[PDB]
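Novice: Handing over input_39.txt, compact mmCIF, N, CA, C and O atoms.
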```txt
# COMPACT_ATOMS: atom_id res chain seq x y z
N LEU A 251 136.45 -0.82 59.96
CA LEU A 251 137.19 -1.22 58.77
C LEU A 251 137.71 -2.64 58.89
O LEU A 251 137.40 -3.50 58.05
N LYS A 252 138.49 -2.92 59.93
CA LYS A 252 138.99 -4.27 60.16
C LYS A 252 139.39 -4.39 61.61
O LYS A 252 139.55 -3.40 62.32
N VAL A 253 139.54 -5.64 62.06
CA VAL A 253 139.98 -5.95 63.41
C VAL A 253 141.28 -6.74 63.30
O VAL A 253 141.35 -7.72 62.56
N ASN A 254 142.29 -6.31 64.05
CA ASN A 254 143.64 -6.85 63.90
C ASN A 254 143.71 -8.26 64.47
O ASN A 254 142.70 -8.87 64.83
N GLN A 255 144.93 -8.80 64.56
CA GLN A 255 145.11 -10.14 65.12
C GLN A 255 144.65 -10.20 66.57
O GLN A 255 144.04 -11.19 66.99
N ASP A 256 144.93 -9.16 67.34
CA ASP A 256 144.41 -9.05 68.69
C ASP A 256 143.03 -8.40 68.65
O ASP A 256 142.43 -8.22 67.59
N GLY A 257 142.52 -8.05 69.82
CA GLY A 257 141.17 -7.50 69.90
C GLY A 257 141.03 -6.10 69.36
O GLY A 257 139.90 -5.60 69.27
N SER A 258 142.13 -5.45 69.00
CA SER A 258 142.08 -4.07 68.54
C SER A 258 141.22 -3.95 67.29
O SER A 258 141.33 -4.76 66.36
N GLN A 259 140.38 -2.93 67.26
CA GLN A 259 139.47 -2.67 66.16
C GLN A 259 139.87 -1.37 65.47
O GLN A 259 140.14 -0.37 66.14
N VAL A 260 139.92 -1.40 64.15
CA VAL A 260 140.31 -0.23 63.36
C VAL A 260 139.04 0.43 62.85
O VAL A 260 138.43 -0.04 61.89
N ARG A 261 138.65 1.53 63.47
CA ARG A 261 137.51 2.30 63.02
C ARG A 261 137.94 3.27 61.92
O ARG A 261 139.12 3.50 61.70
N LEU A 262 136.95 3.83 61.23
CA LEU A 262 137.26 4.80 60.19
C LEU A 262 137.84 6.08 60.78
O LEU A 262 138.50 6.84 60.07
N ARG A 263 137.61 6.33 62.07
CA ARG A 263 138.27 7.45 62.73
C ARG A 263 139.78 7.29 62.69
O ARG A 263 140.51 8.26 62.52
N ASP A 264 140.25 6.05 62.84
CA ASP A 264 141.68 5.83 63.04
C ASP A 264 142.48 6.06 61.78
O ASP A 264 143.71 6.16 61.85
N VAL A 265 141.83 6.15 60.62
CA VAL A 265 142.55 6.26 59.36
C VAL A 265 142.15 7.48 58.56
O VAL A 265 142.65 7.65 57.44
N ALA A 266 141.27 8.33 59.08
CA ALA A 266 140.80 9.45 58.28
C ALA A 266 140.25 10.53 59.19
O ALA A 266 140.16 10.36 60.40
N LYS A 267 139.91 11.66 58.57
CA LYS A 267 139.26 12.76 59.25
C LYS A 267 137.86 12.90 58.66
O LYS A 267 137.72 13.28 57.49
N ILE A 268 136.85 12.60 59.45
CA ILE A 268 135.47 12.64 59.00
C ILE A 268 134.89 13.99 59.39
O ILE A 268 134.92 14.37 60.57
N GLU A 269 134.39 14.73 58.41
CA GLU A 269 133.76 16.01 58.68
C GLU A 269 132.72 16.29 57.61
O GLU A 269 132.79 15.76 56.50
N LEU A 270 131.77 17.15 57.95
CA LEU A 270 130.69 17.51 57.05
C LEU A 270 131.13 18.72 56.25
O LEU A 270 131.12 19.85 56.75
N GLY A 271 131.54 18.51 55.00
CA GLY A 271 132.04 19.57 54.17
C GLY A 271 131.33 19.60 52.83
O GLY A 271 130.48 18.76 52.53
N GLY A 272 131.69 20.59 52.02
CA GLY A 272 131.04 20.75 50.73
C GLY A 272 131.40 19.64 49.77
O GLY A 272 132.43 18.99 49.90
N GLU A 273 130.51 19.41 48.80
CA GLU A 273 130.80 18.44 47.76
C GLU A 273 132.01 18.86 46.95
O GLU A 273 132.89 18.05 46.65
N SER A 274 132.08 20.13 46.58
CA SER A 274 133.18 20.67 45.80
C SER A 274 133.59 22.01 46.36
O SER A 274 132.74 22.88 46.58
N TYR A 275 134.88 22.19 46.58
CA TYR A 275 135.41 23.44 47.12
C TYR A 275 135.86 24.39 46.03
O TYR A 275 136.53 25.38 46.32
N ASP A 276 135.51 24.12 44.77
CA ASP A 276 136.01 24.92 43.66
C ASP A 276 135.47 26.34 43.71
O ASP A 276 136.20 27.30 43.45
N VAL A 277 134.19 26.50 44.02
CA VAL A 277 133.53 27.79 43.89
C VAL A 277 133.36 28.42 45.26
O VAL A 277 132.84 27.79 46.19
N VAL A 278 133.79 29.67 45.39
CA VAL A 278 133.69 30.44 46.62
C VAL A 278 133.12 31.82 46.29
O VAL A 278 133.61 32.49 45.38
N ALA A 279 132.10 32.23 47.03
CA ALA A 279 131.39 33.48 46.77
C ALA A 279 131.62 34.46 47.90
O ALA A 279 131.63 34.07 49.07
N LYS A 280 131.81 35.73 47.55
CA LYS A 280 131.94 36.81 48.52
C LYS A 280 131.01 37.94 48.11
O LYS A 280 130.95 38.28 46.93
N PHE A 281 130.31 38.52 49.07
CA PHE A 281 129.46 39.67 48.83
C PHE A 281 130.00 40.84 49.65
O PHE A 281 129.88 40.84 50.88
N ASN A 282 130.58 41.82 48.98
CA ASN A 282 131.21 42.96 49.64
C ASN A 282 132.28 42.49 50.62
O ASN A 282 132.49 43.09 51.67
N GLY A 283 132.98 41.42 50.26
CA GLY A 283 134.01 40.89 51.11
C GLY A 283 133.53 40.03 52.25
O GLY A 283 134.34 39.61 53.08
N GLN A 284 132.25 39.75 52.32
CA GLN A 284 131.73 38.86 53.34
C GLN A 284 131.46 37.49 52.75
O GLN A 284 131.13 37.39 51.57
N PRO A 285 131.61 36.42 53.53
CA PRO A 285 131.23 35.10 53.03
C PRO A 285 129.77 35.08 52.64
O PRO A 285 128.92 35.67 53.32
N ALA A 286 129.47 34.40 51.54
CA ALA A 286 128.11 34.40 51.02
C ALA A 286 127.94 33.21 50.09
O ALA A 286 128.89 32.48 49.80
N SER A 287 126.71 33.02 49.64
CA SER A 287 126.39 32.01 48.64
C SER A 287 125.18 32.51 47.86
O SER A 287 124.48 33.42 48.30
N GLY A 288 124.96 31.92 46.70
CA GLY A 288 123.86 32.39 45.89
C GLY A 288 123.49 31.42 44.80
O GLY A 288 124.12 30.37 44.63
N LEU A 289 122.45 31.78 44.06
CA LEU A 289 121.96 31.02 42.93
C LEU A 289 122.02 31.89 41.69
O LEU A 289 121.52 33.01 41.70
N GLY A 290 122.62 31.37 40.63
CA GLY A 290 122.60 32.08 39.37
C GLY A 290 121.53 31.55 38.45
O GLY A 290 121.71 30.52 37.80
N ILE A 291 120.40 32.24 38.38
CA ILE A 291 119.26 31.76 37.61
C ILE A 291 119.46 32.15 36.15
O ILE A 291 119.75 33.30 35.84
N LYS A 292 119.30 31.18 35.26
CA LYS A 292 119.31 31.42 33.82
C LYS A 292 117.92 31.19 33.28
O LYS A 292 117.33 30.13 33.50
N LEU A 293 117.39 32.18 32.57
CA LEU A 293 116.05 32.09 32.03
C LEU A 293 115.98 31.01 30.96
O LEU A 293 116.88 30.89 30.12
N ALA A 294 114.91 30.22 30.99
CA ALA A 294 114.70 29.25 29.93
C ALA A 294 114.38 29.95 28.63
O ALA A 294 113.78 31.02 28.60
N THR A 295 114.81 29.34 27.53
CA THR A 295 114.54 29.90 26.21
C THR A 295 113.04 30.00 25.99
O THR A 295 112.28 29.10 26.37
N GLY A 296 112.61 31.10 25.39
CA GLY A 296 111.20 31.32 25.16
C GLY A 296 110.41 31.48 26.44
O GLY A 296 109.35 30.86 26.61
N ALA A 297 110.91 32.30 27.36
CA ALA A 297 110.20 32.57 28.59
C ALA A 297 110.32 34.05 28.91
O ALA A 297 111.27 34.70 28.48
N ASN A 298 109.35 34.56 29.66
CA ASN A 298 109.34 35.98 29.99
C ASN A 298 110.23 36.23 31.19
O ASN A 298 110.09 35.56 32.22
N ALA A 299 111.15 37.18 31.06
CA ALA A 299 112.06 37.48 32.15
C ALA A 299 111.32 38.07 33.35
O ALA A 299 111.60 37.72 34.50
N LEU A 300 110.37 38.96 33.09
CA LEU A 300 109.67 39.63 34.18
C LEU A 300 108.83 38.64 34.99
O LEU A 300 108.86 38.66 36.23
N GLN B 700 99.00 18.64 67.67
CA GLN B 700 98.67 19.92 68.28
C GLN B 700 97.66 20.69 67.44
O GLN B 700 96.70 21.26 67.98
N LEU B 701 97.85 20.70 66.13
CA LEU B 701 96.88 21.35 65.25
C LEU B 701 95.53 20.67 65.34
O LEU B 701 94.49 21.34 65.31
N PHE B 702 95.51 19.35 65.45
CA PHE B 702 94.24 18.64 65.57
C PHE B 702 93.53 19.01 66.86
O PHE B 702 92.30 19.11 66.88
N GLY B 703 94.28 19.19 67.94
CA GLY B 703 93.65 19.68 69.16
C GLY B 703 93.04 21.05 68.98
O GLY B 703 91.89 21.31 69.37
N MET B 704 93.79 21.96 68.35
CA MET B 704 93.26 23.30 68.14
C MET B 704 92.02 23.28 67.27
O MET B 704 91.06 24.02 67.51
N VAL B 705 92.00 22.43 66.24
CA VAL B 705 90.83 22.33 65.38
C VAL B 705 89.70 21.59 66.08
O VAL B 705 88.53 21.73 65.71
N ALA B 706 90.02 20.78 67.08
CA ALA B 706 88.97 20.24 67.94
C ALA B 706 88.27 21.36 68.68
O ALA B 706 87.05 21.34 68.85
N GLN B 707 89.03 22.35 69.12
CA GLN B 707 88.40 23.62 69.47
C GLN B 707 87.91 24.29 68.19
O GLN B 707 88.32 23.95 67.08
N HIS B 708 87.01 25.26 68.33
CA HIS B 708 86.33 25.88 67.20
C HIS B 708 85.59 24.83 66.36
O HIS B 708 85.93 24.61 65.19
N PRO B 709 84.58 24.17 66.91
CA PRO B 709 83.80 23.22 66.10
C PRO B 709 82.73 23.89 65.28
O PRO B 709 82.08 23.22 64.47
N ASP B 710 82.52 25.19 65.46
CA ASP B 710 81.50 25.89 64.69
C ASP B 710 81.94 26.15 63.26
O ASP B 710 81.11 26.43 62.39
N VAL B 711 83.24 26.10 62.99
CA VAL B 711 83.79 26.46 61.69
C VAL B 711 84.36 25.25 60.96
O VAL B 711 84.04 25.02 59.80
N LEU B 712 85.21 24.48 61.62
CA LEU B 712 85.82 23.31 61.02
C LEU B 712 85.10 22.05 61.48
O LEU B 712 84.82 21.88 62.66
N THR B 713 84.82 21.17 60.53
CA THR B 713 84.22 19.89 60.85
C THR B 713 84.90 18.79 60.05
O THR B 713 85.34 19.01 58.92
N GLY B 714 85.01 17.62 60.66
CA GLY B 714 85.51 16.45 59.96
C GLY B 714 86.95 16.49 59.53
O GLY B 714 87.32 15.78 58.59
N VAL B 715 87.79 17.31 60.17
CA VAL B 715 89.21 17.29 59.84
C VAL B 715 89.80 15.95 60.24
O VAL B 715 89.42 15.36 61.26
N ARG B 716 90.73 15.46 59.44
CA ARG B 716 91.25 14.11 59.61
C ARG B 716 92.52 13.98 58.80
O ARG B 716 92.68 14.65 57.78
N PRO B 717 93.44 13.12 59.22
CA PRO B 717 94.62 12.87 58.40
C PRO B 717 94.24 12.12 57.14
O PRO B 717 93.28 11.36 57.11
N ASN B 718 95.01 12.35 56.08
CA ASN B 718 94.86 11.59 54.85
C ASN B 718 95.80 10.40 54.79
O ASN B 718 95.69 9.59 53.87
N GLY B 719 96.71 10.27 55.75
CA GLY B 719 97.68 9.20 55.72
C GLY B 719 97.41 8.09 56.71
O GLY B 719 96.26 7.78 57.01
N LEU B 720 98.48 7.47 57.21
CA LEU B 720 98.38 6.36 58.13
C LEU B 720 99.23 6.64 59.36
O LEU B 720 100.34 7.17 59.24
N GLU B 721 98.71 6.29 60.53
CA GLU B 721 99.47 6.46 61.76
C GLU B 721 100.60 5.44 61.83
O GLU B 721 100.60 4.41 61.16
N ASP B 722 101.59 5.75 62.66
CA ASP B 722 102.73 4.87 62.83
C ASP B 722 102.30 3.53 63.39
O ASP B 722 101.40 3.44 64.22
N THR B 723 102.96 2.48 62.93
CA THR B 723 102.68 1.11 63.32
C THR B 723 103.97 0.48 63.83
O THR B 723 105.06 0.90 63.44
N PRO B 724 103.87 -0.51 64.71
CA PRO B 724 105.08 -1.18 65.19
C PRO B 724 105.83 -1.83 64.04
O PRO B 724 105.23 -2.35 63.10
N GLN B 725 107.15 -1.80 64.12
CA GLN B 725 108.00 -2.38 63.09
C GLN B 725 109.09 -3.21 63.74
O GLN B 725 109.46 -2.98 64.89
N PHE B 726 109.60 -4.17 62.98
CA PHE B 726 110.63 -5.08 63.47
C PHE B 726 111.99 -4.58 63.03
O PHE B 726 112.24 -4.43 61.83
N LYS B 727 112.87 -4.32 63.99
CA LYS B 727 114.18 -3.76 63.72
C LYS B 727 115.25 -4.80 63.97
O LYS B 727 115.30 -5.40 65.05
N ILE B 728 116.12 -5.02 62.99
CA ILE B 728 117.23 -5.96 63.09
C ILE B 728 118.52 -5.16 63.16
O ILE B 728 118.85 -4.43 62.23
N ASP B 729 119.25 -5.32 64.26
CA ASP B 729 120.52 -4.64 64.46
C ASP B 729 121.64 -5.65 64.24
O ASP B 729 121.85 -6.53 65.08
N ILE B 730 122.37 -5.50 63.15
CA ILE B 730 123.49 -6.38 62.84
C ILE B 730 124.71 -5.89 63.58
O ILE B 730 125.12 -4.73 63.41
N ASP B 731 125.31 -6.75 64.38
CA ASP B 731 126.51 -6.39 65.13
C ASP B 731 127.71 -6.53 64.20
O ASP B 731 128.10 -7.65 63.85
N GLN B 732 128.30 -5.40 63.82
CA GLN B 732 129.44 -5.42 62.92
C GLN B 732 130.62 -6.15 63.55
O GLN B 732 131.32 -6.91 62.88
N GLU B 733 130.85 -5.93 64.85
CA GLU B 733 131.97 -6.58 65.52
C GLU B 733 131.81 -8.10 65.50
O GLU B 733 132.74 -8.83 65.16
N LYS B 734 130.62 -8.58 65.85
CA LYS B 734 130.37 -10.02 65.83
C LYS B 734 130.41 -10.56 64.40
O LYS B 734 130.91 -11.66 64.15
N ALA B 735 129.87 -9.79 63.45
CA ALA B 735 129.86 -10.24 62.07
C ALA B 735 131.28 -10.43 61.54
O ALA B 735 131.57 -11.41 60.85
N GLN B 736 132.17 -9.50 61.87
CA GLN B 736 133.55 -9.65 61.43
C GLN B 736 134.30 -10.69 62.25
O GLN B 736 135.26 -11.30 61.77
N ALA B 737 133.87 -10.90 63.50
CA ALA B 737 134.48 -11.95 64.31
C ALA B 737 134.28 -13.31 63.67
O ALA B 737 135.21 -14.12 63.61
N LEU B 738 133.08 -13.57 63.17
CA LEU B 738 132.87 -14.70 62.30
C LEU B 738 133.31 -14.34 60.89
O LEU B 738 133.66 -13.20 60.59
N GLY B 739 133.28 -15.33 60.00
CA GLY B 739 133.70 -15.06 58.65
C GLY B 739 132.67 -14.39 57.79
O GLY B 739 132.91 -14.16 56.60
N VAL B 740 131.51 -14.06 58.36
CA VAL B 740 130.38 -13.57 57.58
C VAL B 740 130.61 -12.12 57.17
O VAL B 740 131.27 -11.35 57.88
N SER B 741 130.05 -11.74 56.03
CA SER B 741 130.19 -10.40 55.48
C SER B 741 128.83 -9.72 55.44
O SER B 741 127.80 -10.38 55.26
N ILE B 742 128.83 -8.39 55.59
CA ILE B 742 127.58 -7.65 55.71
C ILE B 742 126.75 -7.80 54.44
O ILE B 742 125.52 -7.91 54.50
N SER B 743 127.41 -7.80 53.29
CA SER B 743 126.69 -7.93 52.03
C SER B 743 125.94 -9.26 51.97
O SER B 743 124.79 -9.32 51.54
N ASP B 744 126.58 -10.34 52.41
CA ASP B 744 125.91 -11.63 52.44
C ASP B 744 124.71 -11.61 53.37
O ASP B 744 123.65 -12.14 53.03
N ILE B 745 124.86 -11.00 54.54
CA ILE B 745 123.76 -10.95 55.50
C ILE B 745 122.58 -10.20 54.91
O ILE B 745 121.43 -10.66 54.97
N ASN B 746 122.84 -9.03 54.34
CA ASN B 746 121.77 -8.22 53.78
C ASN B 746 121.12 -8.90 52.59
O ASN B 746 119.90 -8.87 52.44
N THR B 747 121.92 -9.53 51.73
CA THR B 747 121.35 -10.23 50.59
C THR B 747 120.47 -11.38 51.05
O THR B 747 119.36 -11.56 50.55
N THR B 748 120.95 -12.16 52.02
CA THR B 748 120.15 -13.26 52.54
C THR B 748 118.84 -12.75 53.11
O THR B 748 117.76 -13.26 52.79
N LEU B 749 118.91 -11.71 53.95
CA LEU B 749 117.70 -11.19 54.58
C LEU B 749 116.72 -10.68 53.53
O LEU B 749 115.54 -11.05 53.54
```
Take the structure in this file and express it as structure tokens.
Specialist:
Amino acid sequence: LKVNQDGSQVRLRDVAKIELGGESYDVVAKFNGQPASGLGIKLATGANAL
Amino acid sequence: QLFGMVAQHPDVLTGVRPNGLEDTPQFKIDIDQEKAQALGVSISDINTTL
């Protein structure tokens, strides 16, 4: 990020917590009380469901 | 590995070959962020110039 007046260097570690997380935490899915995820498929108009 | 296996069994498969290009040497430029900030130069300027 920046280097101070002395040799000290300010990395992004020093000002934040970097972790690999979801884009949005709004939606949470459970299957029988277990953590899970899924896809909700919506059929296109004028298409056969089967 | 698959090409080796297909080199075996020449009675069935013939002329197998990649459709693409093999890896070629490339020139890699490593910009030292610490040195770049030590001078007044900015990464955007370096990349734009290059």
Novice: As a list in words, please: the residues near residue 731 (chain B) (cut-off 8 Å, all atoms listed in the file, same-chain neighbours under 6 positions excluded).
Specialist: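 Once the adjacent positions are removed, what remains is residues 737, 738 and 740 of chain B.
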Novice: Excluding region 260-263 of chain A and any residue of its chain fewer than 5 positions from it, enumerate the residues within 6 Å of it, using only C-alpha atoms, and give them as a PyMOL selection string.
Specialist: chain A and resi 251-253
Novice: Chain B: which residues are alpha helix (DSSP H) by DSSP, as a PyMOL selection string?
Specialist: chain B and resi 701-706+732-737+742-748
Novice: Using N, CA, C and O atoms, can you write the selected residues to a file as a compact mmCIF listing (two decimals), in the coordinates of the input?
Specialist:
```txt
# COMPACT_ATOMS: atom_id res chain seq x y z
N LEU B 701 97.85 20.70 66.13
CA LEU B 701 96.88 21.35 65.25
C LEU B 701 95.53 20.67 65.34
O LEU B 701 94.49 21.34 65.31
N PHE B 702 95.51 19.35 65.45
CA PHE B 702 94.24 18.64 65.57
C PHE B 702 93.53 19.01 66.86
O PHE B 702 92.30 19.11 66.88
N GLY B 703 94.28 19.19 67.94
CA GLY B 703 93.65 19.68 69.16
C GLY B 703 93.04 21.05 68.98
O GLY B 703 91.89 21.31 69.37
N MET B 704 93.79 21.96 68.35
CA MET B 704 93.26 23.30 68.14
C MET B 704 92.02 23.28 67.27
O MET B 704 91.06 24.02 67.51
N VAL B 705 92.00 22.43 66.24
CA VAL B 705 90.83 22.33 65.38
C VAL B 705 89.70 21.59 66.08
O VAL B 705 88.53 21.73 65.71
N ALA B 706 90.02 20.78 67.08
CA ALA B 706 88.97 20.24 67.94
C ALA B 706 88.27 21.36 68.68
O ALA B 706 87.05 21.34 68.85
N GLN B 732 128.30 -5.40 63.82
CA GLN B 732 129.44 -5.42 62.92
C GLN B 732 130.62 -6.15 63.55
O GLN B 732 131.32 -6.91 62.88
N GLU B 733 130.85 -5.93 64.85
CA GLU B 733 131.97 -6.58 65.52
C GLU B 733 131.81 -8.10 65.50
O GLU B 733 132.74 -8.83 65.16
N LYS B 734 130.62 -8.58 65.85
CA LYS B 734 130.37 -10.02 65.83
C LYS B 734 130.41 -10.56 64.40
O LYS B 734 130.91 -11.66 64.15
N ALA B 735 129.87 -9.79 63.45
CA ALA B 735 129.86 -10.24 62.07
C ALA B 735 131.28 -10.43 61.54
O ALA B 735 131.57 -11.41 60.85
N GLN B 736 132.17 -9.50 61.87
CA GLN B 736 133.55 -9.65 61.43
C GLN B 736 134.30 -10.69 62.25
O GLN B 736 135.26 -11.30 61.77
N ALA B 737 133.87 -10.90 63.50
CA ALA B 737 134.48 -11.95 64.31
C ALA B 737 134.28 -13.31 63.67
O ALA B 737 135.21 -14.12 63.61
N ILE B 742 128.83 -8.39 55.59
CA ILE B 742 127.58 -7.65 55.71
C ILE B 742 126.75 -7.80 54.44
O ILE B 742 125.52 -7.91 54.50
N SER B 743 127.41 -7.80 53.29
CA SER B 743 126.69 -7.93 52.03
C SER B 743 125.94 -9.26 51.97
O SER B 743 124.79 -9.32 51.54
N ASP B 744 126.58 -10.34 52.41
CA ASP B 744 125.91 -11.63 52.44
C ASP B 744 124.71 -11.61 53.37
O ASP B 744 123.65 -12.14 53.03
N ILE B 745 124.86 -11.00 54.54
CA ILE B 745 123.76 -10.95 55.50
C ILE B 745 122.58 -10.20 54.91
O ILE B 745 121.43 -10.66 54.97
N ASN B 746 122.84 -9.03 54.34
CA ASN B 746 121.77 -8.22 53.78
C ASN B 746 121.12 -8.90 52.59
O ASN B 746 119.90 -8.87 52.44
N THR B 747 121.92 -9.53 51.73
CA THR B 747 121.35 -10.23 50.59
C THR B 747 120.47 -11.38 51.05
O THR B 747 119.36 -11.56 50.55
N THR B 748 120.95 -12.16 52.02
CA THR B 748 120.15 -13.26 52.54
C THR B 748 118.84 -12.75 53.11
O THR B 748 117.76 -13.26 52.79
```
Novice: Which parts of chain A does DSSP call strand (DSSP E) when run on the backbone here, written out as a PyMOL selection string?
Specialist: chain A and resi 252-253+259-260+279-281+284-286
Novice: Just need the box for region 706-710 of chain B, edges along x, y and z, holding every atom the file lists for it with 5 Å tacked onto each side, so centre and edge lengths in Å to one decimal, as lines of an AutoDock Vina configuration file.
Specialist:
```
center_x = 85.6
center_y = 23.3
center_z = 65.9
size_x = 18.9
size_y = 16.2
size_z = 17.1
```
Novice: Hey, can you check how far atom O of residue 746 (chain B) sits from atom N of residue 256 (chain A)?
Specialist: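 Distance reported for this atom pair: 29.1 Å.
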Novice: By how many Å are atom N of residue 266 (chain A) and atom N of residue 733 (chain B) apart?
Specialist: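 Taking atom N of residue 266 (chain A) as the start and atom N of residue 733 (chain B) as the end point, the length is 18.6 Å.
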Novice: Would you mind reading off the distance between CA of residue 742 (chain B) and CA of residue 730 (chain B), one decimal, in Å?
Specialist: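 One can read the CA of residue 742 (chain B) to CA of residue 730 (chain B) distance as 8.3 Å.
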Novice: Contacts of region 287-299 of chain A at 8 Å or less, counting only C-alpha atoms, minus same-chain residues fewer than 3 places along, as a PyMOL selection string?
Specialist: chain A and resi 278-280
